[PDB]
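Some notes on the structure that comes next.
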Amino acid sequence: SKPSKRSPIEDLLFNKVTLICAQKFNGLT
Amino acid sequence: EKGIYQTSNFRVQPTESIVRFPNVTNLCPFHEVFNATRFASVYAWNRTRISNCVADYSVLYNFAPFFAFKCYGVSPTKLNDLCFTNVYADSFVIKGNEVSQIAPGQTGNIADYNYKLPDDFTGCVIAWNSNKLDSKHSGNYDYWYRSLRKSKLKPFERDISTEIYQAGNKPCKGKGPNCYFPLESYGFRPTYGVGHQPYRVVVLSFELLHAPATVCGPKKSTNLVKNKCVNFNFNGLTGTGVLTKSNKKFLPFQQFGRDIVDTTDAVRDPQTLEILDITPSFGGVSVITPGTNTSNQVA
Amino acid sequence: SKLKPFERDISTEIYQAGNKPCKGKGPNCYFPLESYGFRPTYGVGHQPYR
Amino acid sequence: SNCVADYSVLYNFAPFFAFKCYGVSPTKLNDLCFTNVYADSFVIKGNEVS
Amino acid sequence: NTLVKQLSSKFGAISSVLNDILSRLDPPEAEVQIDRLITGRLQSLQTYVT
Amino acid sequence: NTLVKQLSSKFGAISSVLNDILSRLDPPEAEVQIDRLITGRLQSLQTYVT
Amino acid sequence: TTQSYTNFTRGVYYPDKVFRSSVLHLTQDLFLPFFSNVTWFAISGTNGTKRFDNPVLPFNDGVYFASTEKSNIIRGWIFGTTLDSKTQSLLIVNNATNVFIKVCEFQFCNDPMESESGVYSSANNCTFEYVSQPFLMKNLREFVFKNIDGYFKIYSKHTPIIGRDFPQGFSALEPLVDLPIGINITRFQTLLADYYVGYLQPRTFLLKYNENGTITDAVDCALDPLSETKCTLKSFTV
Ligand SMILES: *[C@@H]1O[C@H](CO)[C@@H](O[C@@H]2O[C@H](CO)[C@@H](O)[C@H](O)[C@H]2NC(C)=O)[C@H](O)[C@H]1NC(C)=O
Ligand SMILES: *[C@@H]1O[C@H](CO)[C@@H](O)[C@H](O)[C@H]1NC(C)=O
Ligand SMILES: *[C@@H]1O[C@H](CO)[C@@H](O)[C@H](O)[C@H]1NC(C)=O
Ligand SMILES: *[C@@H]1O[C@H](CO)[C@@H](O)[C@H](O)[C@H]1NC(C)=O
Ligand SMILES: *[C@@H]1O[C@H](CO)[C@@H](O)[C@H](O)[C@H]1NC(C)=O
Ligand SMILES: *[C@@H]1O[C@H](CO)[C@@H](O)[C@H](O)[C@H]1NC(C)=O
């Protein structure tokens, strides 16, 4: 059903863990 | 061989250079401080403030040839480009022998007794021989020197009260064998040797704090360009980036803005006081090669 | 203007106080040279040195 | 040697054309202890004092 | 975060901003300050890579 | 043992004992010597941690 | 005379000109320590309200000052070393229209029911004059007077409170004026025809910044173990 073909557990796992390089960019990509 | 290789880094170069400074039509009177009608002494030197003006240092160059023109924390040629938050001017007249002692972190009798600069000194020292201007044969009493001081002076400390220094612990007054008279004020005749010849000397003390108060040099302001990669110079803050309209609610006090890291990420226009965000395009470059034994095409 | 290392500049021209040309008028003219022969009796700061 | 190295006597003794300490601070002599203080005395032309 | 924050350090230089060093000083002292900064930033990068 | 023994090294400084540096010299040269020592000790600590 | 010495978690001010948004900035500067013993002055404190005599309190490397009042009894301040016209002394007065800052060798003329009078018939060798809008105008009238690097800086804040002497919340002091003075300023005293005095010390503070450019909360790193842990972690929640 969902746009990403992932199991419900995979969706929970991906939600739990958290092209402009806005942050930290001083030559770091 | 076949594969993907990171070779260099691309960047988007700026196309214009922008300099923004407040509309200050005043001119700083450096040449009036140097060209004093009456000159202060090393014993008691004239500190004068210079602020809210245009710090044009070519007037010094046109104003005289100089016995000495030495800048320690700043280049002698780049004064007209910088912006100096709190330029102080200390003027006096000094013997030639002690002119070499006006330098940071040095040891010498005038450093200990009359006038000293800090170890962390940002500024300039300028000296012109005064024999052909003021020195009369009868001698000028603008000169005044602390022959002996009870304790060494701190940087930029002044001590004026004259009291006799005692050889021992008992008080002394007027008796030469035990009295060290604190001063040697003396007018000097043009015929003396160079070590005693006078020198009108001015010390410019610059404090750089990214110009909350400006007194910036004689730079010519240009129109502000936004949404383009440009070399910007806002009130002494130099950089390269893209200036866009800001949605950050600065207080009227604040000027510069900063990210979690200390990178500048916003500025205030010195003229219009509009807050502008500074966005840095740059990146790696990879060459995709099938292999030179197959084809010279590359992505 | 200030010289580069090992640069030589020989042509004598008057330096102007302002933007208008000056020639021979001391108040606005800075004569570019001070060529002067010095007598042995001068102080050490002026004595010649090869 | 075998004495009290009191350097305020120098300060009371004269004003000095030069008083320069290279490896030690000029103000901290009275606090330190010097194993083998030697004293070399002479009279010299001014030009060579530097 | 630590790698980016090491850029704000001076490592003994007069300023942590390279543009200030190049705008204020002539080459023969801006080189000294920039060499101090280069040593600091190279140490930071080596530590990060390790 | 190596980490502690690196403290006795000078790394070019006049002395390996910080107290000697602060007791002998004024700030503007004690800073140079202490910066030499700081560089040495930081290198030692980085090596030990690695 | 002097009342019970109180405990404030107040007096935090914007240390610099930098704007910051949604960051916790750890900064070392001269701050009023949290829960420090501050002296309370019992209108007019040790002196009677009517009487001429004044405290002449010491200036220990910066001062935090505050006064809740409606009559505007307290008009200004003096900052100097000897305060006897021998050397330069600094003078703030607010006459409800403009504030006058003056550096001159001032001689105290015993100036102060609601009687207005002048002061300083003798002001020799004047060196500094500056003028602006009112500094003081239920308002709490928080001020911080700091003196370093030649500069004398006045920060302040005005937040009215109705039912209590002091708000229970936090309020940072936006700067008011930053003058380049030069005086040593060993001691000071308050010009008044109900004020709190504290002393700044070098402290490390963890300052919370809002999404806008303001400070909402602060932690004094040297107060308790928990504040030290918060400063170490760069977080108000441990
Ligand atoms: C930050 O400042 C703004 C005003 O500049 C505060 O007010 C809100 O501003 C937003 C802007 O998009 C509006 O949508 C809201 O309606 C405003 N709220 C009110 C009550 O006026 C904003 O609240 C401030 N941020 C915080 C966290 O206090
Ligand atoms: C590139 O920019 C366009 C708009 O100019 C945007 O629609 C697109 O999403 C961007 N590409 C990526 C990968 O984000
Ligand atoms: C500068 O000094 C010269 C000395 O001859 C004098 O003639 C001139 O009036 C002075 N100018 C100013 C502005 O002090
Ligand atoms: C010192 O500078 C002040 C600046 O106002 C000036 O009025 C005074 O004449 C100067 N005095 C000397 C001795 O240079
Ligand atoms: C400490 O804090 C309370 C407020 O919680 C205050 O009212 C009280 O006067 C203070 N006590 C002292 C300083 O002994
Ligand atoms: C503070 O004031 C006293 C008044 O006696 C003065 O002697 C002292 O010099 C002042 N402080 C400084 C740092 O000058």
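Letters A, B, ... go to the chains of the structure tokens in the order shown; residues in each chain start at 1; ligands are counted from 1 in the same order.
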Counting only C-alpha atoms and all ligand atoms, name the residues that have an atom within 6 Å of an atom of ligand 6; the answer should be given as a PDB file with N, CA and C atoms, in the first residue's frame.
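This is the output file out-v5.pdb:
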ATOM      1  N   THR G  81      37.135  57.345  40.914  1.00  0.00           N
ATOM      2  CA  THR G  81      38.074  56.718  41.841  1.00  0.00           C
ATOM      3  C   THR G  81      38.035  57.404  43.202  1.00  0.00           C
ATOM      4  N   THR G  82      38.268  58.716  43.216  1.00  0.00           N
ATOM      5  CA  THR G  82      38.301  59.509  44.437  1.00  0.00           C
ATOM      6  C   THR G  82      37.007  60.267  44.681  1.00  0.00           C
ATOM      7  N   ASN G 184      39.446  54.567  35.676  1.00  0.00           N
ATOM      8  CA  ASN G 184      39.623  53.383  36.525  1.00  0.00           C
ATOM      9  C   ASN G 184      38.329  52.952  37.228  1.00  0.00           C
ATOM     10  N   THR G 186      37.158  52.869  40.411  1.00  0.00           N
ATOM     11  CA  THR G 186      37.219  52.000  41.587  1.00  0.00           C
ATOM     12  C   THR G 186      35.911  51.995  42.397  1.00  0.00           C
TER      13      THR G 186
END
Take chain F, superimpose it onto chain E by least squares using every C-alpha atom paired in sequence order, and output the result as a PDB file with C-alpha atoms, in the first residue's frame.
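Ended up saving to superposed_7.pdb:
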ATOM      1  CA  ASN F   1      30.969  18.999  14.212  1.00  0.00           C
ATOM      2  CA  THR F   2      34.348  18.977  15.962  1.00  0.00           C
ATOM      3  CA  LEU F   3      36.148  19.130  12.614  1.00  0.00           C
ATOM      4  CA  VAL F   4      34.178  22.213  11.560  1.00  0.00           C
ATOM      5  CA  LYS F   5      34.511  23.837  14.990  1.00  0.00           C
ATOM      6  CA  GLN F   6      38.305  23.506  14.905  1.00  0.00           C
ATOM      7  CA  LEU F   7      38.295  26.150  12.142  1.00  0.00           C
ATOM      8  CA  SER F   8      37.285  28.831  14.659  1.00  0.00           C
ATOM      9  CA  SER F   9      40.435  28.121  16.693  1.00  0.00           C
ATOM     10  CA  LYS F  10      43.464  30.399  16.365  1.00  0.00           C
ATOM     11  CA  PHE F  11      46.259  27.990  17.387  1.00  0.00           C
ATOM     12  CA  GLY F  12      48.296  31.038  18.436  1.00  0.00           C
ATOM     13  CA  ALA F  13      47.558  33.105  15.330  1.00  0.00           C
ATOM     14  CA  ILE F  14      46.247  36.645  15.689  1.00  0.00           C
ATOM     15  CA  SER F  15      42.919  35.608  14.132  1.00  0.00           C
ATOM     16  CA  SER F  16      41.112  32.430  13.114  1.00  0.00           C
ATOM     17  CA  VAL F  17      39.776  34.054   9.905  1.00  0.00           C
ATOM     18  CA  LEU F  18      42.211  33.731   7.001  1.00  0.00           C
ATOM     19  CA  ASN F  19      40.648  36.694   5.183  1.00  0.00           C
ATOM     20  CA  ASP F  20      41.460  38.962   8.135  1.00  0.00           C
ATOM     21  CA  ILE F  21      45.105  37.825   8.020  1.00  0.00           C
ATOM     22  CA  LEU F  22      45.383  38.469   4.286  1.00  0.00           C
ATOM     23  CA  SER F  23      43.561  41.806   4.493  1.00  0.00           C
ATOM     24  CA  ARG F  24      45.586  43.171   7.423  1.00  0.00           C
ATOM     25  CA  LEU F  25      49.181  42.041   6.871  1.00  0.00           C
ATOM     26  CA  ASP F  26      51.800  42.018   4.138  1.00  0.00           C
ATOM     27  CA  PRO F  27      53.066  38.620   2.885  1.00  0.00           C
ATOM     28  CA  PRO F  28      56.144  38.109   5.103  1.00  0.00           C
ATOM     29  CA  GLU F  29      54.043  38.003   8.337  1.00  0.00           C
ATOM     30  CA  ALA F  30      50.739  36.763   6.952  1.00  0.00           C
ATOM     31  CA  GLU F  31      52.812  33.729   5.957  1.00  0.00           C
ATOM     32  CA  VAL F  32      53.798  33.132   9.594  1.00  0.00           C
ATOM     33  CA  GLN F  33      50.211  33.454  10.805  1.00  0.00           C
ATOM     34  CA  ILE F  34      48.898  31.311   7.939  1.00  0.00           C
ATOM     35  CA  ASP F  35      51.526  28.664   8.714  1.00  0.00           C
ATOM     36  CA  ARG F  36      50.364  28.519  12.311  1.00  0.00           C
ATOM     37  CA  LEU F  37      46.791  28.084  11.067  1.00  0.00           C
ATOM     38  CA  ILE F  38      47.858  25.464   8.501  1.00  0.00           C
ATOM     39  CA  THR F  39      49.565  23.424  11.221  1.00  0.00           C
ATOM     40  CA  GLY F  40      46.438  23.572  13.377  1.00  0.00           C
ATOM     41  CA  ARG F  41      44.048  22.606  10.584  1.00  0.00           C
ATOM     42  CA  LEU F  42      46.324  19.798   9.371  1.00  0.00           C
ATOM     43  CA  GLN F  43      46.416  18.384  12.901  1.00  0.00           C
ATOM     44  CA  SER F  44      42.611  18.561  13.057  1.00  0.00           C
ATOM     45  CA  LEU F  45      42.226  16.778   9.710  1.00  0.00           C
ATOM     46  CA  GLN F  46      44.742  14.063  10.624  1.00  0.00           C
ATOM     47  CA  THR F  47      42.912  13.414  13.892  1.00  0.00           C
ATOM     48  CA  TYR F  48      39.544  13.244  12.115  1.00  0.00           C
ATOM     49  CA  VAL F  49      40.811  10.831   9.458  1.00  0.00           C
ATOM     50  CA  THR F  50      42.410   8.594  12.098  1.00  0.00           C
TER      51      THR F  50
END
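Contact shell of residue A:29 at 9 Å (only C-alpha atoms; same-chain neighbours under 3 positions omitted): residues 21, 24, 25 and 26 of chain A; 283 and 284 of chain B.
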Just the selected residues (N, CA and C atoms), exported as a compact mmCIF listing (two decimals), in the first residue's frame, please.
# COMPACT_ATOMS: atom_id res chain seq x y z
N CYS A 21 24.12 21.44 0.98
CA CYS A 21 24.87 21.05 2.18
C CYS A 21 24.83 22.21 3.17
N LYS A 24 27.54 22.13 8.34
CA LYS A 24 28.89 21.61 8.50
C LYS A 24 29.78 21.85 7.29
N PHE A 25 29.32 22.59 6.28
CA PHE A 25 30.05 22.64 5.02
C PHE A 25 31.22 23.61 5.19
N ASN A 26 32.42 23.06 5.25
CA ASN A 26 33.67 23.80 5.04
C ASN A 26 34.61 22.94 4.20
N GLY B 283 31.80 21.83 -4.81
CA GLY B 283 31.64 20.39 -4.71
C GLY B 283 32.80 19.64 -5.32
N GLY B 284 32.76 18.32 -5.13
CA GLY B 284 33.71 17.43 -5.76
C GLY B 284 33.44 17.26 -7.24
Hey, what's within 12 Å of residue B:296 if we count only C-alpha atoms and toss same-chain stuff fewer than 6 positions away? As a PyMOL selection string, please? chain B and resi 1-2+287-290
Could those residues be written to a file, using N, CA and C atoms, as a PDB file, in the first residue's frame?
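Dumped everything to result02.pdb:
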ATOM      1  N   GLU B   1      42.451   2.916 -15.890  1.00  0.00           N
ATOM      2  CA  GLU B   1      41.587   1.749 -15.840  1.00  0.00           C
ATOM      3  C   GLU B   1      40.120   2.173 -15.780  1.00  0.00           C
ATOM      4  N   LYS B   2      39.237   1.209 -16.018  1.00  0.00           N
ATOM      5  CA  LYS B   2      37.809   1.467 -15.910  1.00  0.00           C
ATOM      6  C   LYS B   2      37.438   1.797 -14.468  1.00  0.00           C
ATOM      7  N   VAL B 287      35.414  11.799 -12.413  1.00  0.00           N
ATOM      8  CA  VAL B 287      35.521  11.463 -13.830  1.00  0.00           C
ATOM      9  C   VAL B 287      35.225   9.978 -13.984  1.00  0.00           C
ATOM     10  N   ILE B 288      34.230   9.669 -14.808  1.00  0.00           N
ATOM     11  CA  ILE B 288      33.815   8.306 -15.112  1.00  0.00           C
ATOM     12  C   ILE B 288      34.447   7.943 -16.445  1.00  0.00           C
ATOM     13  N   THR B 289      35.322   6.939 -16.421  1.00  0.00           N
ATOM     14  CA  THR B 289      36.158   6.573 -17.556  1.00  0.00           C
ATOM     15  C   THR B 289      35.908   5.102 -17.890  1.00  0.00           C
ATOM     16  N   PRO B 290      35.494   4.733 -19.112  1.00  0.00           N
ATOM     17  CA  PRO B 290      35.420   3.297 -19.456  1.00  0.00           C
ATOM     18  C   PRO B 290      36.760   2.586 -19.464  1.00  0.00           C
TER      19      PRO B 290
END
Kindly work out which residues sit at most 10 Å from ligand 4, using only C-alpha atoms and all ligand atoms, and give the list as a PyMOL selection string. (chain B and resi 32-41+44-50+89-93+142) or (chain G and resi 127)
Chain C: residues DSSP assigns to strand (DSSP E), reported as a ChimeraX atom specification: /C:15-16,29-30
Nearest to residue B:158: which of G:182, G:58, G:132, G:187 is it, counting only C-alpha atoms? G:182
Could you give me, as an MDAnalysis selection string, every polymer residue with an atom at most 7 Å away from an atom of ligand 1, counting only C-alpha atoms and all ligand atoms? (chainID B and resid 249) or (chainID G and resid 210:212)
Exercise: residue B:13 partners within 12 Å, only C-alpha atoms, chain neighbours under 5 positions left out, as a ChimeraX atom specification: /B:228-231,240-242,280-282
Next, write the just-selected residues to a file, as a PDB file, in the first residue's frame, keeping N, CA and C atoms as the atom set.
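Below is the file selection_27.pdb, written as the result:
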ATOM      1  N   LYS B 228      23.486  36.532  -6.301  1.00  0.00           N
ATOM      2  CA  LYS B 228      24.631  36.239  -7.152  1.00  0.00           C
ATOM      3  C   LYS B 228      25.850  35.981  -6.279  1.00  0.00           C
ATOM      4  N   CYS B 229      26.750  35.134  -6.778  1.00  0.00           N
ATOM      5  CA  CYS B 229      28.022  34.892  -6.106  1.00  0.00           C
ATOM      6  C   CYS B 229      28.926  36.108  -6.285  1.00  0.00           C
ATOM      7  N   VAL B 230      29.288  36.753  -5.171  1.00  0.00           N
ATOM      8  CA  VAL B 230      30.018  38.016  -5.187  1.00  0.00           C
ATOM      9  C   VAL B 230      31.063  38.027  -4.079  1.00  0.00           C
ATOM     10  N   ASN B 231      32.077  38.877  -4.268  1.00  0.00           N
ATOM     11  CA  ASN B 231      33.080  39.160  -3.239  1.00  0.00           C
ATOM     12  C   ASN B 231      32.619  40.367  -2.435  1.00  0.00           C
ATOM     13  N   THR B 240      33.214  35.796   0.426  1.00  0.00           N
ATOM     14  CA  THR B 240      32.653  35.455  -0.874  1.00  0.00           C
ATOM     15  C   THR B 240      31.382  34.654  -0.640  1.00  0.00           C
ATOM     16  N   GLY B 241      30.305  35.017  -1.325  1.00  0.00           N
ATOM     17  CA  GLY B 241      29.057  34.311  -1.119  1.00  0.00           C
ATOM     18  C   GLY B 241      27.913  34.945  -1.884  1.00  0.00           C
ATOM     19  N   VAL B 242      26.712  34.455  -1.580  1.00  0.00           N
ATOM     20  CA  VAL B 242      25.466  34.917  -2.179  1.00  0.00           C
ATOM     21  C   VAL B 242      24.657  35.599  -1.086  1.00  0.00           C
ATOM     22  N   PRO B 280      27.032  30.194   1.121  1.00  0.00           N
ATOM     23  CA  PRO B 280      28.239  29.959   0.325  1.00  0.00           C
ATOM     24  C   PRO B 280      27.864  29.630  -1.112  1.00  0.00           C
ATOM     25  N   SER B 281      28.191  27.858  -4.865  1.00  0.00           N
ATOM     26  CA  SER B 281      28.103  26.423  -5.087  1.00  0.00           C
ATOM     27  C   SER B 281      29.524  25.889  -5.156  1.00  0.00           C
ATOM     28  N   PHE B 282      29.794  24.790  -4.460  1.00  0.00           N
ATOM     29  CA  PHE B 282      31.120  24.121  -4.523  1.00  0.00           C
ATOM     30  C   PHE B 282      30.903  22.660  -4.302  1.00  0.00           C
TER      31      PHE B 282
END
Could you check how far atom CA of residue D:41 sits from atom CA of residue B:153, in Å to one decimal?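 Atom-to-atom, atom CA of residue D:41 to atom CA of residue B:153, that is 29.3 Å.
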